[PDB]
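J.: here goes the first bit of my complex:
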Amino acid sequence: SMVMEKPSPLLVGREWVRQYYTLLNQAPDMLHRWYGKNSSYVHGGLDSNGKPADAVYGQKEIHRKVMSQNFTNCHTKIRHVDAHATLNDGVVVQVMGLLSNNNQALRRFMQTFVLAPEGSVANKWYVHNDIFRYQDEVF
């Protein structure tokens, strides 16, 4: 029986990063539930011209895009997380770390989240923006 003070933006952001990458390994077919119809999502990749791949919107495309990336036994090493309160009770999250897919080599990345309160259930957060870029594809 314990009431504590409300979660700081850091706790929210760092705790979301723990759940995000954990879900990305265990069950990435569940990841889309945290995105709404306004949400944006990109996760690296290139195109026919070697230019960084494009972003998708809405839970429907976001799920379809997440499943095309074949997240298989993803291993993650997170090196730093900032999370600062932003406008409209949102939280902006900058994540710097290393990620592997299909037991391949770890690759450095930069990632930006905007999390916002879901607005209809107490203490519920959804992802309004997911910007993930591997560093080897830009540098």
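T.: Looks like it came in fine. Numbering: from 1, shown residues only, chains lettered A, B, ... in the order given.
J.: from what I can see residue A:29 touches residue A:67, true?
T.: Yes: under the criterion of CB atoms under 8 Å, residue A:29 makes contact with residue A:67 at 6.6 Å. C-beta: built from backbone N, CA, C; applies to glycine.
J.: could you report the neighbour count for the closest residue to residue A:32 other than its chain neighbours?
T.: Once flanking residues are discounted, residue A:32 sits nearest to residue A:63: 3.5 Å by CB to CB, 6 or more residues apart in numbering. The number of residues packed near residue A:63 is 19, by other CB atoms under 10 Å.
J.: contact partners for residue A:93?
T.: A:13, A:16, A:17, A:81, A:82, A:83, A:111, A:112, A:113, A:114, A:115 (CB atoms under 8 Å, 6 or more residues apart in numbering).
J.: also, this goes in as chain B:
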Amino acid sequence: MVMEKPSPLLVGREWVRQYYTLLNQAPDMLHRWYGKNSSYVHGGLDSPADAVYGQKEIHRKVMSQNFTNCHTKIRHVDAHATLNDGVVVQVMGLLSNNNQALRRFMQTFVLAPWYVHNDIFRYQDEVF
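T.: If we add chain B to the chains shown above, we get the following:
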């Protein structure tokens, strides 16, 4: 002439240009784009350094970095619409400040309808 409101990608890309100009023609004027709730960090290992809030605390940290002879290479700018017609901007680049090594960096802006709500800058060499 009246033109359609610029897409986010256009706003962030133009903001990055305007940002790193003023970073090297008048870093003193940079605090004017911030507000009372704005947060700012620009790398640094204190003994990763903490963020400061409010325009005066931002103006003071900006001086401490002694920006001059800034050569910036911007390899990628992402920018999307976020909460309340705001723009979140992710910058990946290189920065050389006053005749020093050119270092990979990662920056995250949140622009609100334009004023800066958050400015988060990390050098990779202080993190990896």
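J.: got the contact list for residue A:111?
T.: Neighbouring residues of residue A:111 by CB atoms under 8 Å, 6 or more residues apart in numbering or on different chains: A:93, A:94, A:95, A:96, A:97, A:130, A:131, A:132, A:133.
J.: and those, which of them are in strands?
T.: Per DSSP state E, strands hold the following members of these: A:93, A:94, A:95, A:96, A:97, A:130, A:131, A:132, A:133.
J.: just the buried members of the residues you listed?
T.: A:93, A:94, A:95, A:96, A:97, A:130, A:131, A:132, A:133 (16 or more other CB atoms under 10 Å in any protein chain shown).
J.: for chain B, what are the nearby residues on chain A?
T.: Residues of chain A lying near chain B by CB under 8 Å from any CB of the partner chain: A:38, A:40, A:42, A:52, A:55, A:79-80, A:82, A:84-88, A:90, A:92, A:94, A:96, A:108, A:110, A:112, A:114, A:116, A:128-129, A:131, A:133, A:135, A:138-139.
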